[PDB]
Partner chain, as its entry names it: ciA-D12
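First, one chain by itself: the form solved without its partner chain, in structure tokens.
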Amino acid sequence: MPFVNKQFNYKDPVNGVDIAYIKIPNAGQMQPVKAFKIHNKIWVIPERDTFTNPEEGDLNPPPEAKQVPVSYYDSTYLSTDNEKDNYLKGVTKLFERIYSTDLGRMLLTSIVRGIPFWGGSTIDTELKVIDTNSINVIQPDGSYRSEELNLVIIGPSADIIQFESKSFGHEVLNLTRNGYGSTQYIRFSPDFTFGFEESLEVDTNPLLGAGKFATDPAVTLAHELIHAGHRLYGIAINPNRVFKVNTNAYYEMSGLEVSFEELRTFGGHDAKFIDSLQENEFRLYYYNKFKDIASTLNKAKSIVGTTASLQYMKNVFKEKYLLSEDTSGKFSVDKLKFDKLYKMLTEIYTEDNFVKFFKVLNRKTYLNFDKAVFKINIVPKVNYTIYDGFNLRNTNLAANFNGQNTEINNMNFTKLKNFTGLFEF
């Protein structure tokens, strides 16, 4: 069964249900943008993100510096209807490629179940929604209705290749780290990809290689979806917790620090740089958060709003958090169940495991150096498919990851920028 029932076209008429002009409630003032609901709880906005961050409201290139050195600017990308149509089709195709794998079906199911907690009440006896976990949808009569959602895929902001799962903050609460969760906005483009090097000694050296192989963008989207899963379950690791990398002399020359949240998300050997003591600390911390959620639930005796029953919403959260329910109706956290869900979200859903399901070549570690950015077009089936990505069966591209080989499959990649040697190491 496909993940996305509808093969939307960008110019399909609005209907106020799954094709609609919307606003993001605390982006602040914005004009409505056309958006597409591709699955329960999941929307796609084919626009550059000038909305989620007040200080990132324009796309022009210039010299705030060339920092991060890995960056790419084009203020015109994703400004036309044809681009937006292709964006919507590309994103859809990547969701289908992900969903076609058992691991991706598991991850997307977890994401859909991961409704942001109704932790907005100032009154313990009432359960209430946090309104930054919604969008405002223009209805056919021109009025707005509030719709809760879990995930939005949106185009990148000024730096086209800066992909990220981000979310609106709360005055008091760290929603992504307190077990609550919050609606995630993933800046992403299917229209570009990264180069990497097939030899580890080259890929992890900042001075070598031009980016012979292209990352499959399904892996890149999966990576961001894994962050969104952490953040929807409120178990993201504070970016302040960093591996002050000491396993790569070039990282060390520039004092490069990599978050534990990134090492977790990559998985494989990288995750082992989070030591067992610190893993246990995080596991304890988050277990404690789930406990607070159970207590909050138990204290609630009425629901606020007319959307759903209080039993419906307690069941939603009992299912999300896999809570136990006692004879009196008290919720509790079962330690075996917590450890299993935590482990599913953090050890099973990893970039390294997706590479195994997609059978693609990929970076072997997050602790490498980016080589290049390429323009791509995955929408034509002659270029890329749900089942094979670039490595099309029964062609010269089927074997040896030849489809990802940008030299062999050169028609599918246009190098836009080299990053090798730009680095200060």
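Positions refer to the first chain, counted from 1.
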Quick note on 370-378 and 24-32: per-entry mean CA temperature factor is higher in 24-32
115-123 versus 186-194: which one carries the higher mean Cα B factor per the record? 115-123
Of the residues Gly229, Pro206, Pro217, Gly305, the one carrying the largest Cα B-factor as recorded: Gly305
Per the coordinate record, which of the options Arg177, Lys343, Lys212, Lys314 holds the highest CA temperature factor? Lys314
Please rank the C-alpha B-factors of the chain's modelled residues and tell me whether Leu392 sits in the lowest, middle or highest third. middle
Compare the C-alpha B factor of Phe3 with those of the other modelled residues in its chain, then answer lowest, middle or highest third. lowest
Please rank the C-alpha B-factors of the chain's modelled residues and tell me whether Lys66 sits in the lowest, middle or highest third. highest
Of the three thirds of Cα B-factor ranks in this chain, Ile348 occupies the lowest
Mind checking which third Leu59 falls in for C-alpha B-factor across the chain? highest
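This next part talks about the form deposited with its partner chain bound, which is not shown.
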Since exactly one of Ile376, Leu59, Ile386, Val360 fits, which has a heavy atom within 4.5 Å of its partner chain in the deposited complex? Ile386
Might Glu96 be said to contact its partner chain in the deposited complex, defining contact as any heavy atom within 4.5 Å? yes
4.5 Å heavy atom contact, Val382 to its partner chain in the deposited complex: yes
Give a yes/no on whether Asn412 approaches its partner chain to within 4.5 Å in the deposited complex, heavy atoms considered. yes
Looking at the partner-bound form in the deposited complex, is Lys89 within 4.5 Å of its partner chain by any heavy atom? yes
